[PDB]
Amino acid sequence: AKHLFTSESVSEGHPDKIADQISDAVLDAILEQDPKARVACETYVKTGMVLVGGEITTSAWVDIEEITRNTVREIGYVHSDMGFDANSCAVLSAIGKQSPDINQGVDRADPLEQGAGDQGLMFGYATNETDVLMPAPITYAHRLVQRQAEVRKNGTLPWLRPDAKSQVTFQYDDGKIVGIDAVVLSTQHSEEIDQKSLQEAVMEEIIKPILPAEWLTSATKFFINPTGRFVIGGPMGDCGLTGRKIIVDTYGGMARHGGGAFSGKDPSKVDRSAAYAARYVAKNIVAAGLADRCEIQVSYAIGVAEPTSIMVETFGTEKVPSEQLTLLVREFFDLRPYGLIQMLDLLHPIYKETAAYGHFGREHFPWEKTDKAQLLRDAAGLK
């Protein structure tokens, strides 16, 4: 009955995230100019530099330094005092074009037959634990780093620096949340404020306002800047890389994962598109009330348009025998490369925004919408 589950999240000022933002910042710029572009951009970030590389084959014309400097700038690093500075950092580029060998298998004569960008498996997930049908732990962790960033930008706590990470562990009894045992919040700061003050301030401004007072009890344990000092952060304190936040980007470790990153790749890359499409049916199934929680999983083969595997897991919480529930899935949605792109209209520059604070949970994203639910209901005991 009782058990503990822990999830974590990172601020937009976290090295790894900086990468993602940059990566997806480039794609957006590119896509704005050419929707059918093929972008596979990987970014490396350290002490005084930013490396934007990979393979890009587009007709668009973009400025990497500008997109980069501007992207970091917005993140927050604008002075050597914080360790990194959009204005004075180095911006390197090693961007080649996509291999034709791969391309022949992706873009074929007939657009519909067009194949998967690569082989691989993706996991979709949905749960009635919350309104947005997302697990609770990841939702609150995200809220924590997000708050910290907002209290920093609005000038509430001017001594806060971009870099920050958050961890929370919930108490789960009878399969439901009963509270929160431990809370972790690490945030970069200036040489001007003291630990205690900082700690005491983080509680009032960042934790207390975000964590439901009900789940907080005299038992909860708070871990704030444990090493006792976090003045050095960002790429200086930790190397940032693209696609190294795979889990916080998705469901916090509650659901499963195939190993494919999101940022830097255009929709023809199943790692991102098939993933989104998977959250789409999973969420839609639960909204449709066909199950309380279900994990979906598709797998593909490079240059091949038709999915190599599909499986729905409802953990017994289903309301219609999986059978019809699985035959309904391939019945209603098109998981073929050039079916999901139209299904969710992925040919637009809407990904940068997705690079920090979770790819799921934001109802305004095309894959968060639940329109097929009611119709997915009709296919089984409408009433």
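If you superpose the two forms and keep the largest set of C-alpha atoms that fall within 1.5 Å, you have the rigid core. All residue numbers refer to positions in the sequence shown, first residue = 1.
Root mean square Cα distance to the shown form, taken over structures and residues in 6 other deposited structures of this protein after a core fit, is higher for 111-119 when 152-160 and 111-119 are compared. With every structure aligned by its rigid core, 197-205 is the stretch of 242-250 and 197-205 whose CA positions lie farther away in 6 other deposited structures of this protein. Modelling of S99 is complete across the other compared entries in which both of its neighbours are modelled; not even a third of them leave it out.
Here 5-13 and 355-363 are compared by their mean Cα B-factor, and 5-13 comes out higher.
For the pair 83-91 and 218-226, the mean Cα B-factor is higher in 218-226.
The entry assigns its greatest Cα B factor, within the set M122, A287, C239, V168, to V168. Between the residues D163, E150, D266, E192, it is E192 that shows the highest Cα B-factor in the PDB record. For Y172, the recorded CA temperature factor ranks within the highest third of the chain's modelled residues. In the PDB entry, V202 places in the highest third of its chain by CA B-factor. Per-chain ranking of the deposited C-alpha B factor places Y77 in the lowest third. Annotation for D345: C-alpha temperature factor in the middle third relative to the rest of the modelled chain, per the entry.
When the CA B factors of the chain's modelled residues are split into thirds, the value for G105 lands in the highest one.
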